[PDB]
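Enquirer: You'll find run24.cif just under this line, and it carries mmCIF, C-alpha atoms.
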```cif
data_entry
#
loop_
_atom_site.label_atom_id
_atom_site.label_comp_id
_atom_site.auth_asym_id
_atom_site.auth_seq_id
_atom_site.Cartn_x
_atom_site.Cartn_y
_atom_site.Cartn_z
CA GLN H 1 -15.71 -17.23 -22.48
CA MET H 2 -18.68 -14.90 -22.99
CA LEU H 3 -18.37 -13.49 -19.44
CA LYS H 4 -14.76 -12.76 -19.90
CA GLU H 5 -15.21 -10.93 -23.21
CA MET H 6 -17.93 -8.60 -21.67
CA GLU H 7 -15.89 -7.24 -18.76
CA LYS H 8 -14.98 -3.89 -20.40
CA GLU H 9 -18.54 -3.09 -21.28
CA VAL H 10 -19.69 -3.81 -17.82
CA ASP H 11 -17.30 -1.32 -16.51
CA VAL H 12 -18.52 1.50 -18.72
CA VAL H 13 -22.01 0.82 -17.78
CA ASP H 14 -21.28 0.77 -14.18
CA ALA H 15 -19.66 4.16 -14.46
CA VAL H 16 -22.90 5.71 -15.60
CA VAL H 17 -25.08 3.72 -13.38
CA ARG H 18 -23.28 4.71 -10.28
CA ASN H 19 -31.94 36.57 3.35
CA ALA H 20 -31.74 37.21 -0.32
CA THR H 21 -29.19 40.22 -0.59
CA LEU H 22 -28.24 40.71 -4.15
CA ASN H 23 -24.80 42.22 -5.08
CA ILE H 24 -24.97 43.07 -8.73
CA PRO H 25 -21.61 43.05 -10.49
CA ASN H 26 -20.34 46.24 -12.40
CA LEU H 27 -20.29 44.35 -15.62
CA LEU H 28 -24.08 43.71 -15.29
CA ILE H 29 -24.78 47.23 -14.08
CA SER H 30 -22.92 48.55 -17.11
CA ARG H 31 -24.99 46.34 -19.35
CA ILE H 32 -28.30 47.28 -17.72
CA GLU H 33 -27.36 51.05 -17.88
CA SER H 34 -26.42 50.77 -21.61
CA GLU H 35 -29.67 48.95 -22.42
CA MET H 36 -31.68 50.77 -19.77
CA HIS H 37 -34.12 52.06 -22.60
CA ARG H 38 -34.85 48.60 -23.73
CA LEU H 39 -34.94 46.88 -20.34
CA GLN H 40 -38.05 48.08 -18.43
CA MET H 41 -36.88 46.47 -14.99
CA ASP H 42 -38.51 47.22 -11.64
CA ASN H 43 -36.47 47.68 -8.49
CA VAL H 44 -34.87 44.53 -7.09
CA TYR H 45 -36.38 45.42 -3.76
CA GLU H 46 -39.93 46.73 -3.64
CA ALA H 47 -41.50 47.73 -0.25
CA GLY H 48 -38.42 46.13 1.47
CA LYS H 49 -39.15 42.67 -0.28
CA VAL H 50 -37.37 40.97 -3.15
CA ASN H 51 -38.93 41.19 -6.50
CA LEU H 52 -38.41 37.64 -7.98
CA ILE H 53 -39.31 38.85 -11.51
CA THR H 54 -36.51 41.46 -11.45
CA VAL H 55 -34.08 38.88 -10.15
CA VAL H 56 -34.97 36.58 -13.01
CA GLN H 57 -34.59 39.45 -15.41
CA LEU H 58 -31.14 40.20 -14.05
CA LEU H 59 -30.37 36.51 -14.35
CA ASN H 60 -31.36 36.64 -17.99
CA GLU H 61 -29.03 39.51 -18.65
CA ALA H 62 -26.24 37.79 -16.88
CA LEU H 63 -26.84 34.70 -18.97
CA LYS H 64 -26.69 36.79 -22.17
CA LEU H 65 -23.30 38.06 -21.16
CA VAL H 66 -22.25 34.56 -20.49
CA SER H 67 -23.62 33.51 -23.87
CA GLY H 68 -21.66 36.22 -25.59
CA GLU H 69 -18.40 35.23 -23.86
CA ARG H 70 -18.95 31.53 -24.62
CA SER H 71 -19.49 32.32 -28.26
CA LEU H 72 -16.13 34.12 -28.38
CA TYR H 73 -13.87 31.83 -26.36
CA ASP H 74 -15.78 28.39 -26.34
CA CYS H 75 -17.21 28.00 -29.85
CA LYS H 76 -16.73 24.24 -29.92
CA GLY H 77 -17.41 23.75 -26.17
CA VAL H 78 -14.31 22.81 -24.04
CA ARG H 79 -14.20 19.15 -23.05
CA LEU H 80 -12.14 18.14 -20.01
CA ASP H 81 -11.13 14.54 -20.77
CA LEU H 82 -12.17 12.97 -17.38
CA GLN H 83 -10.47 9.64 -18.43
CA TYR H 84 -7.17 11.43 -19.06
CA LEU H 85 -7.26 13.04 -15.62
CA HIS H 86 -8.16 9.80 -13.87
CA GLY H 87 -5.31 8.05 -15.78
CA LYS H 88 -2.80 10.66 -14.74
CA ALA H 89 -3.85 10.70 -11.00
CA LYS H 90 -3.68 6.90 -10.91
CA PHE H 91 -0.18 6.79 -12.48
CA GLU H 92 1.27 9.45 -10.16
CA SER H 93 -0.14 7.65 -7.24
CA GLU H 94 1.73 4.57 -8.35
CA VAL H 95 4.97 6.60 -8.58
CA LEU H 96 4.47 7.84 -4.97
CA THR H 97 3.87 4.27 -3.77
CA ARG H 98 7.08 3.11 -5.57
CA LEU H 99 9.17 5.82 -3.87
CA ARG H 100 7.72 5.00 -0.45
CA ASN H 101 8.31 1.26 -0.98
CA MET H 102 11.89 2.03 -1.98
CA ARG H 103 12.56 4.22 1.09
CA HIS H 104 10.90 1.59 3.40
CA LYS H 105 13.02 -1.12 1.83
CA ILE H 106 16.21 0.99 2.43
CA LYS H 107 15.34 2.01 6.04
CA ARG H 108 13.74 -1.30 7.36
CA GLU H 109 15.67 -3.84 5.39
CA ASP H 110 18.87 -2.65 3.93
CA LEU H 111 20.17 -0.19 6.72
CA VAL H 112 19.13 -2.54 9.62
CA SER H 113 21.15 -5.37 8.08
CA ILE H 114 24.16 -3.13 7.39
CA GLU H 115 24.16 -1.49 10.82
CA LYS H 116 24.11 -4.89 12.51
CA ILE H 117 27.14 -6.02 10.52
CA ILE H 118 29.00 -2.77 11.34
CA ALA H 119 28.22 -3.07 15.08
CA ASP H 120 29.47 -6.75 15.14
CA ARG H 121 32.58 -5.83 13.37
CA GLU H 122 33.36 -2.88 15.65
CA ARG H 123 32.79 -5.03 18.77
CA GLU H 124 34.91 -7.91 17.42
CA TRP H 125 37.65 -5.55 16.72
CA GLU H 126 37.54 -3.76 20.14
CA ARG H 127 37.56 -7.20 21.92
CA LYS H 128 40.46 -8.47 19.85
CA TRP H 129 42.72 -5.56 20.68
CA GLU H 130 41.64 -5.13 24.19
CA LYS H 131 42.85 -8.74 24.72
CA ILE H 132 46.16 -8.13 22.98
CA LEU H 133 46.86 -4.69 24.62
CA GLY H 134 45.32 -5.38 28.19
CA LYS H 135 43.64 -1.84 27.79
CA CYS H 136 41.18 -0.12 25.70
CA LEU E 1 -29.25 7.77 -24.63
CA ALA E 2 -32.03 9.85 -26.05
CA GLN E 3 -30.26 13.21 -25.23
CA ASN E 4 -49.83 31.23 -0.99
CA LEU E 5 -48.75 30.63 -4.60
CA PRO E 6 -50.85 28.07 -6.42
CA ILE E 7 -48.21 25.66 -7.57
CA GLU E 8 -48.45 21.95 -7.80
CA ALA E 9 -46.80 20.30 -4.68
CA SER E 10 -44.35 18.20 -6.76
CA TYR E 11 -42.59 21.30 -7.88
CA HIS E 12 -42.35 23.25 -4.52
CA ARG E 13 -38.74 22.45 -4.15
CA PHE E 14 -37.66 23.78 -7.47
CA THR E 15 -39.55 26.88 -6.97
CA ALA E 16 -38.17 27.58 -3.50
CA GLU E 17 -34.56 27.04 -4.47
CA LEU E 18 -34.51 28.95 -7.63
CA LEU E 19 -33.96 32.27 -5.87
CA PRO E 20 -30.77 31.49 -4.15
CA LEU E 21 -29.43 29.88 -7.21
CA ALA E 22 -30.09 32.85 -9.32
CA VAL E 23 -28.52 35.17 -6.75
CA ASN E 24 -25.43 33.12 -6.60
CA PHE E 25 -25.01 33.10 -10.33
CA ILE E 26 -25.38 36.79 -10.64
CA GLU E 27 -22.86 37.49 -7.89
CA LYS E 28 -20.20 35.22 -9.48
CA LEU E 29 -20.72 36.47 -13.00
CA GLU E 30 -17.27 38.08 -13.39
CA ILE E 31 -15.52 35.00 -12.16
CA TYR E 32 -17.47 32.94 -14.72
CA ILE E 33 -16.51 35.28 -17.49
CA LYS E 34 -12.73 35.04 -16.61
CA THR E 35 -13.02 31.37 -16.52
CA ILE E 36 -14.50 31.27 -19.93
CA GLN E 37 -11.62 33.43 -21.22
CA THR E 38 -9.09 30.88 -19.97
CA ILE E 39 -10.74 28.08 -22.00
CA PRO E 40 -8.40 28.58 -25.08
CA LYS E 41 -5.30 28.07 -22.78
CA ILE E 42 -6.58 24.79 -21.43
CA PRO E 43 -4.59 22.67 -24.04
CA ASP E 44 -1.30 24.42 -23.24
CA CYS E 45 -1.92 24.05 -19.56
CA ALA E 46 -2.43 20.34 -20.07
CA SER E 47 0.85 19.98 -22.09
CA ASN E 48 2.99 21.90 -19.57
CA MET E 49 1.68 19.85 -16.76
CA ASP E 50 2.47 16.64 -18.69
CA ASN E 51 6.04 17.79 -19.19
CA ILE O 1 -33.95 -12.42 -21.33
CA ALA O 2 -35.22 -9.47 -19.27
CA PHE O 3 -32.33 -7.30 -20.66
CA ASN O 4 -32.91 -8.31 -24.23
CA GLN O 5 -36.53 -7.51 -23.87
CA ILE O 6 -35.79 -3.97 -22.45
CA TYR O 7 -32.99 -3.43 -25.04
CA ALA O 8 -35.44 -4.20 -27.97
CA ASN O 9 -38.30 -2.26 -26.62
CA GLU O 10 -36.72 0.79 -24.86
CA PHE O 11 -32.84 1.08 -25.61
CA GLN O 12 -32.38 0.03 -29.33
CA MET O 13 -53.40 24.40 -10.82
CA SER O 14 -50.96 26.85 -12.67
CA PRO O 15 -48.96 25.09 -15.55
CA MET O 16 -45.66 26.78 -14.04
CA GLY O 17 -44.12 23.65 -12.19
CA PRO O 18 -42.03 22.26 -15.05
CA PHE O 19 -40.39 25.65 -15.86
CA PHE O 20 -39.04 25.94 -12.34
CA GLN O 21 -37.54 22.51 -12.40
CA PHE O 22 -35.86 22.97 -15.71
CA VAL O 23 -34.29 26.35 -14.93
CA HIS O 24 -33.11 25.05 -11.53
CA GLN O 25 -31.35 21.93 -12.85
CA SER O 26 -29.82 23.72 -15.89
CA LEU O 27 -28.43 26.55 -13.83
CA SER O 28 -26.92 24.22 -11.32
CA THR O 29 -25.09 22.27 -13.98
CA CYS O 30 -23.75 25.41 -15.48
CA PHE O 31 -22.25 26.39 -12.10
CA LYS O 32 -20.41 23.22 -11.62
CA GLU O 33 -19.00 23.10 -15.08
CA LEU O 34 -17.33 26.50 -14.85
CA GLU O 35 -15.85 25.72 -11.49
CA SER O 36 -14.26 22.61 -12.89
CA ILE O 37 -12.62 24.48 -15.75
CA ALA O 38 -11.20 27.00 -13.36
CA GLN O 39 -9.76 24.31 -11.08
CA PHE O 40 -7.99 22.55 -13.94
CA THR O 41 -6.13 25.69 -14.85
CA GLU O 42 -5.00 26.34 -11.35
CA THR O 43 -3.84 22.80 -10.68
CA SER O 44 -1.86 22.61 -13.92
CA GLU O 45 0.04 25.77 -12.98
CA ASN O 46 0.75 24.65 -9.41
CA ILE O 47 2.19 21.37 -10.53
CA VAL O 48 4.59 23.11 -12.96
CA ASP O 49 5.88 25.33 -10.14
CA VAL O 50 6.43 22.58 -7.62
CA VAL O 51 8.53 20.57 -10.06
CA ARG O 52 10.52 23.61 -11.14
CA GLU O 53 11.39 24.44 -7.54
CA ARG O 54 12.60 20.98 -6.88
CA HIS O 55 15.01 21.03 -9.87
CA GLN O 56 16.47 24.45 -9.06
CA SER O 57 16.66 24.37 -5.25
CA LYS O 58 20.33 24.17 -3.72
CA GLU O 59 20.81 22.41 -0.44
CA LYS O 60 23.62 20.85 1.70
CA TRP O 61 22.85 17.21 1.08
CA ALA O 62 26.26 15.60 2.20
CA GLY O 63 29.66 17.05 3.22
CA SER O 64 30.63 20.69 3.01
CA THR O 65 29.36 21.46 -0.61
CA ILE O 66 25.96 23.03 -1.56
CA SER O 67 24.24 21.41 -4.60
CA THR O 68 20.95 20.66 -6.26
CA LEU O 69 19.37 17.26 -5.80
CA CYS O 70 20.13 16.33 -9.45
CA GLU O 71 23.80 17.33 -9.13
CA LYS O 72 24.39 15.45 -5.95
CA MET O 73 22.67 12.41 -7.35
CA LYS O 74 24.87 12.58 -10.48
CA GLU O 75 27.96 12.88 -8.31
CA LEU O 76 26.92 9.89 -6.33
CA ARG O 77 26.25 7.87 -9.49
CA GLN O 78 29.65 8.75 -10.97
CA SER O 79 31.38 7.76 -7.81
CA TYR O 80 29.81 4.24 -7.87
CA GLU O 81 30.49 3.89 -11.57
CA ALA O 82 34.05 4.66 -10.82
CA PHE O 83 34.10 2.16 -8.01
CA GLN O 84 32.62 -0.56 -10.30
CA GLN O 85 35.08 0.13 -13.07
CA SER O 86 37.98 -0.22 -10.68
CA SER O 87 36.53 -3.67 -9.57
CA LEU O 88 36.08 -5.00 -13.30
CA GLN O 89 39.64 -4.21 -14.19
CA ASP O 90 40.47 -6.64 -11.24
CA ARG P 1 -12.53 -54.17 -9.72
CA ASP P 2 -15.57 -54.20 -12.05
CA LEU P 3 -17.98 -53.29 -9.25
CA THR P 4 -15.85 -50.48 -8.03
CA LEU P 5 -15.51 -48.89 -11.54
CA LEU P 6 -19.25 -49.18 -12.26
CA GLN P 7 -20.08 -47.35 -9.02
CA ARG P 8 -17.89 -44.45 -10.00
CA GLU P 9 -19.20 -44.11 -13.53
CA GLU P 10 -22.73 -44.03 -12.21
CA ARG P 11 -21.87 -41.13 -10.02
CA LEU P 12 -20.33 -39.27 -12.91
CA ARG P 13 -23.37 -39.69 -15.11
CA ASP P 14 -25.64 -38.36 -12.44
CA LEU P 15 -23.56 -35.29 -12.12
CA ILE P 16 -23.39 -34.56 -15.88
CA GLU P 17 -27.08 -35.00 -16.35
CA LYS P 18 -27.88 -32.44 -13.64
CA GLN P 19 -25.62 -29.89 -15.28
CA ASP P 20 -26.90 -30.39 -18.85
CA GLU P 21 -30.37 -29.65 -17.81
CA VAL P 22 -29.47 -26.12 -16.59
CA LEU P 23 -26.72 -25.13 -19.14
CA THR P 24 -28.70 -25.78 -22.34
CA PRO P 25 -31.06 -22.71 -22.02
CA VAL P 26 -28.17 -20.30 -21.26
CA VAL P 27 -25.99 -21.24 -24.24
CA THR P 28 -28.90 -20.91 -26.66
CA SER P 29 -29.65 -17.18 -25.56
CA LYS P 30 -25.99 -16.11 -25.39
CA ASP P 31 -25.22 -14.67 -28.74
CA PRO P 32 -28.28 -12.32 -28.84
CA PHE P 33 -27.44 -11.00 -25.39
CA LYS P 34 -23.77 -10.45 -25.96
CA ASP P 35 -24.44 -8.52 -29.18
CA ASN P 36 -27.31 -6.40 -27.60
CA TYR P 37 -25.28 -5.66 -24.52
CA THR P 38 -22.14 -4.62 -26.40
CA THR P 39 -24.09 -2.27 -28.67
CA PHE P 40 -25.82 -0.82 -25.60
CA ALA P 41 -22.57 -0.32 -23.63
CA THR P 42 -20.88 1.41 -26.64
CA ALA P 43 -23.79 3.74 -27.06
CA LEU P 44 -23.78 4.65 -23.36
CA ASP P 45 -20.01 5.19 -23.35
CA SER P 46 -20.28 7.90 -26.16
CA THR P 47 -22.36 10.18 -23.86
CA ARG P 48 -19.85 10.53 -20.99
CA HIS P 49 -16.98 12.56 -22.65
CA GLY P 50 -51.74 42.23 -8.20
CA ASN P 51 -53.45 39.03 -8.77
CA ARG P 52 -51.20 35.93 -8.00
CA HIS P 53 -52.24 34.30 -11.27
CA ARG P 54 -51.24 37.32 -13.09
CA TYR P 55 -47.97 37.33 -11.28
CA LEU P 56 -47.15 33.66 -12.18
CA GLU P 57 -48.06 34.50 -15.82
CA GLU P 58 -45.51 37.44 -15.85
CA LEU P 59 -42.91 35.25 -14.17
CA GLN P 60 -43.46 32.52 -16.78
CA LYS P 61 -42.69 34.96 -19.54
CA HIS P 62 -39.25 35.72 -18.03
CA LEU P 63 -38.48 32.09 -17.07
CA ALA P 64 -39.21 31.13 -20.64
CA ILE P 65 -36.38 33.44 -21.71
CA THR P 66 -34.22 31.98 -19.07
CA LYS P 67 -34.93 28.51 -20.27
CA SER P 68 -34.06 29.56 -23.86
CA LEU P 69 -30.76 31.20 -22.83
CA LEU P 70 -29.70 28.19 -20.75
CA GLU P 71 -30.39 25.87 -23.64
CA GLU P 72 -28.19 28.01 -25.82
CA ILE P 73 -25.28 28.51 -23.39
CA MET P 74 -24.96 24.96 -22.14
CA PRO P 75 -22.40 22.84 -24.13
CA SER P 76 -23.19 19.26 -24.93
CA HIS P 77 -20.58 17.98 -22.34
CA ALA P 78 -21.33 20.38 -19.54
CA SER P 79 -22.40 17.60 -17.24
CA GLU P 80 -19.12 15.67 -17.83
CA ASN P 81 -16.98 18.62 -17.19
CA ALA P 82 -18.84 19.28 -13.98
CA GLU P 83 -17.90 15.73 -12.71
CA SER P 84 -14.12 16.18 -13.32
CA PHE P 85 -13.61 18.77 -10.48
CA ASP P 86 -12.78 16.22 -7.69
CA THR P 87 -10.42 14.27 -9.85
CA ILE P 88 -8.42 17.37 -10.61
CA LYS P 89 -8.05 18.20 -6.96
CA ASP P 90 -6.84 14.66 -6.16
CA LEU P 91 -4.09 14.89 -8.73
CA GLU P 92 -2.69 18.06 -7.23
CA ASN P 93 -2.47 16.53 -3.71
CA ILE P 94 -0.71 13.39 -4.93
CA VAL P 95 2.01 15.45 -6.70
#
```
Mind turning this structure into structure tokens?

Expert:
Amino acid sequence: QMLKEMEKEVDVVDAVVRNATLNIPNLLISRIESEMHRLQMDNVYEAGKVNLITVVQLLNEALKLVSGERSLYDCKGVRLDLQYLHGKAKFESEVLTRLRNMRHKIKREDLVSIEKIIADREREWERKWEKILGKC
Amino acid sequence: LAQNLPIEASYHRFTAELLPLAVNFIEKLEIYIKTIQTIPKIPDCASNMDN
Amino acid sequence: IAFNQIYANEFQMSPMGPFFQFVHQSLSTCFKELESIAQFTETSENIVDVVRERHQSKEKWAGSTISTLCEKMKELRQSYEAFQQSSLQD
Amino acid sequence: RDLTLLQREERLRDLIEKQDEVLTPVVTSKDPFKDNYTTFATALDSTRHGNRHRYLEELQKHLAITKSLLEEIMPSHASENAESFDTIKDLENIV
């Protein structure tokens, strides 16, 4: 009885247990140009090599933009209910299987039986009248 | 539940991969911003789909 | 016993290495999250279109008349209702 | 008849004794386990829904900003959202 009552919990637990060319977007360029006085940034490429500090600086600016946008459109943080999506995919899959089973039942069981009966009946009929008429 | 460059060898990986990651983020910034703008429509999208 | 013990006790060189690890892992997670939100929106819209097309599309299913799947199915249902009614009045 | 019944009862006793010896410790530790495990599982379930030295010092200053921005931008469920991507794609294909 104890093992049976703990099944749901086990499941939850199981679920848990189981060449650097940089194209800078216009939005970031516009931001860097507007704040150019404040942002003392070196060239991304110095002596033909990538300046990692500049890249990180650009990354920081990009992240600020992202922070601004998230504060406007995702104040509470959007949660995609993973359980909802799994429940829906599983259900629709069941619907697909039901349709296939129905079609297979119609094609392999129901139509084969009916076609055999039709063929027997058509032959019995042709034989009966061929005998009575002496011709087809 | 509770929630050469002189770098220590245990962290070489994180240091080497950070560059590409940063580049990729910067390049896809506009896409990430559009995506964030669509976040208020996500409940409507879910209802229409259910219907 | 081992679980109960762990549950009671636990569940109930430049200094730059840790900064790299943190920034790397946090940035990666951020990427994946935004991609997932974008995909949900796209999928939801595609599904609405596919179903709409199926309800409005007219095709020659049987005979000489063009009809939607829903109309032809209704016609077929009415026909067998009519056949069944004619058999109960027998 | 008496001999045959006695032989069978002896066999039954031997079997019960062997089982009692091993079941008694498990039943006594059950209730503390079940309660600790359930509380644990419920808690877990709620979470799912120049000079080179000088150079590394300058870099640290900027990575520290990065670290602060990422801590600010990242929602509490960001990791869960990131795991939903495959499931969404599967749903579309099935439909």

Enquirer: Identify all residues satisfying the PyMOL selection byres ((chain H) within 12 of (chain E)) in the given file; provide them as a PyMOL selection string.

Expert: chain H and resi 16+19-29+44+50-81+84-85+87-89+91-92

Enquirer: Could you give me, as JSON, numbers by chain, the residues within 12 Å of residue O:60, counting all atoms listed in the file and dropping anything in the same chain fewer than 4 positions from it?

Expert: {"O": [64, 65, 66, 67, 68, 69, 71, 72]}

Enquirer: Near chain P, which residues of chain E fall within 9 Å when you count only C-alpha atoms, and what do they look like as a PyMOL selection string?

Expert: chain E and resi 1+3-6

Enquirer: For the residues selected in the previous step, produce a file with C-alpha atoms as a compact mmCIF listing (two decimals), in the coordinates of the input.

Expert:
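Written output follows (selection_29.txt):
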```txt
# COMPACT_ATOMS: atom_id res chain seq x y z
CA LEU E 1 -29.25 7.77 -24.63
CA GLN E 3 -30.26 13.21 -25.23
CA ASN E 4 -49.83 31.23 -0.99
CA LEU E 5 -48.75 30.63 -4.60
CA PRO E 6 -50.85 28.07 -6.42
```

Enquirer: Hey, which bits of chain O sit within 9 Å of chain H, and for each residue what's the closest pair of atoms and how far apart in Å (one decimal), counting only C-alpha atoms, rows by chain and increasing number, as a tab-separated table?

Expert:
```
residue	atom	partner	partner_atom	distance
O:36	CA	H:80	CA	8.7
O:37	CA	H:80	CA	7.7
O:40	CA	H:80	CA	8.6
```

Enquirer: Taking the file as shown, find all residues satisfying the PyMOL selection byres ((chain E) within 6 of (chain O)) and write them as a list in words.

Expert: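 Applied to this file, the PyMOL selection byres ((chain E) within 6 of (chain O)) returns residues 7, 11, 14, 15, 18, 35, 45 and 49 of chain E.
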
Enquirer: Could you list the residues chosen by the PyMOL selection byres ((chain P) within 8 of (chain H)) in this structure as a PyMOL selection string?

Expert: chain P and resi 30+34+37-38+41-42+44-45+48-49+58-59+62-63+65-66+69-70+72-73+75-77+80-81+83-84+87-88+90-91+94-95

Enquirer: Nearest to residue O:76: which of O:4, O:55, O:90, O:61 is it, counting all atoms listed in the file?

Expert: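 Using all atoms listed in the file, the shortest distance to residue O:76 belongs to O:61.
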
Enquirer: Taking all atoms listed in the file into account and nothing else, which residues of chain P lie no more than 6 Å away from chain O? Please answer as a VMD selection string.

Expert: chain P and resid 67 78 81 to 82 85 92

Enquirer: Separation of atom CA of residue O:56 and atom CA of residue H:107, in Å?

Expert: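 Atom CA of residue O:56 sits 27.1 Å away from atom CA of residue H:107.
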
Enquirer: Work out how far apart atom CA of residue H:136 and atom CA of residue H:118 are and give it in Å to one decimal.

Expert: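 If I compute the distance from atom CA of residue H:136 to atom CA of residue H:118, I get 19.0 Å.
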
Enquirer: Please compute the atom CA of residue O:6-atom CA of residue P:22 distance, one decimal, in Å.

Expert: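 Computing it gives 23.8 Å between the two atoms.
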
Enquirer: As a short mmCIF file (atom, residue, chain, number, x, y, z; two decimals), keeping the file's coordinate frame, please: stretch 61-84 of chain O completed to N, CA and C atoms.

Expert:
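Written out: selection-v5.cif:
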```cif
data_model
loop_
_atom_site.label_atom_id
_atom_site.label_comp_id
_atom_site.auth_asym_id
_atom_site.auth_seq_id
_atom_site.Cartn_x
_atom_site.Cartn_y
_atom_site.Cartn_z
N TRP O 61 23.33 18.59 0.96
CA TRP O 61 22.85 17.21 1.08
C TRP O 61 23.83 16.37 1.90
N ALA O 62 25.18 16.31 1.53
CA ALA O 62 26.26 15.60 2.20
C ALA O 62 27.56 16.37 2.12
N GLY O 63 28.35 16.41 3.20
CA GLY O 63 29.66 17.05 3.22
C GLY O 63 29.58 18.56 3.40
N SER O 64 30.49 19.25 2.81
CA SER O 64 30.63 20.69 3.01
C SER O 64 30.16 21.46 1.79
N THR O 65 29.64 20.76 0.64
CA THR O 65 29.36 21.46 -0.61
C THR O 65 27.85 21.62 -0.81
N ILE O 66 27.35 22.76 -1.22
CA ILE O 66 25.96 23.03 -1.56
C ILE O 66 25.69 22.64 -3.01
N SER O 67 24.57 21.85 -3.25
CA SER O 67 24.24 21.41 -4.60
C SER O 67 22.75 21.12 -4.73
N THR O 68 22.33 21.07 -6.01
CA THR O 68 20.95 20.66 -6.26
C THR O 68 20.80 19.15 -6.09
N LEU O 69 19.62 18.69 -5.94
CA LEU O 69 19.37 17.26 -5.80
C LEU O 69 19.89 16.49 -7.01
N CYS O 70 19.71 16.97 -8.21
CA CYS O 70 20.13 16.33 -9.45
C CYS O 70 21.65 16.24 -9.53
N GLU O 71 22.35 17.31 -9.07
CA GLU O 71 23.80 17.33 -9.13
C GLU O 71 24.41 16.34 -8.15
N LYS O 72 23.87 16.36 -6.97
CA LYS O 72 24.39 15.45 -5.95
C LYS O 72 24.11 14.00 -6.32
N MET O 73 23.01 13.75 -6.89
CA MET O 73 22.67 12.41 -7.35
C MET O 73 23.60 11.97 -8.47
N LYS O 74 23.94 12.87 -9.40
CA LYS O 74 24.87 12.58 -10.48
C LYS O 74 26.26 12.27 -9.93
N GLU O 75 26.66 13.09 -8.95
CA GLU O 75 27.96 12.88 -8.31
C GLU O 75 28.04 11.50 -7.66
N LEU O 76 26.98 11.19 -7.00
CA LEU O 76 26.92 9.89 -6.33
C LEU O 76 26.94 8.76 -7.35
N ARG O 77 26.28 8.87 -8.42
CA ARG O 77 26.25 7.87 -9.49
C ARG O 77 27.63 7.69 -10.11
N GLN O 78 28.32 8.80 -10.37
CA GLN O 78 29.65 8.75 -10.97
C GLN O 78 30.65 8.05 -10.03
N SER O 79 30.48 8.37 -8.79
CA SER O 79 31.38 7.76 -7.81
C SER O 79 31.25 6.24 -7.81
N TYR O 80 30.01 5.68 -7.92
CA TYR O 80 29.81 4.24 -7.87
C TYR O 80 30.10 3.59 -9.22
N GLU O 81 30.04 4.38 -10.27
CA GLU O 81 30.49 3.89 -11.57
C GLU O 81 32.01 3.73 -11.61
N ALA O 82 32.60 4.73 -10.90
CA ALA O 82 34.05 4.66 -10.82
C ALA O 82 34.51 3.49 -9.96
N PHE O 83 33.77 3.28 -8.88
CA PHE O 83 34.10 2.16 -8.01
C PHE O 83 33.94 0.83 -8.75
N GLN O 84 32.92 0.67 -9.58
CA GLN O 84 32.62 -0.56 -10.30
C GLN O 84 33.63 -0.81 -11.41
#
```
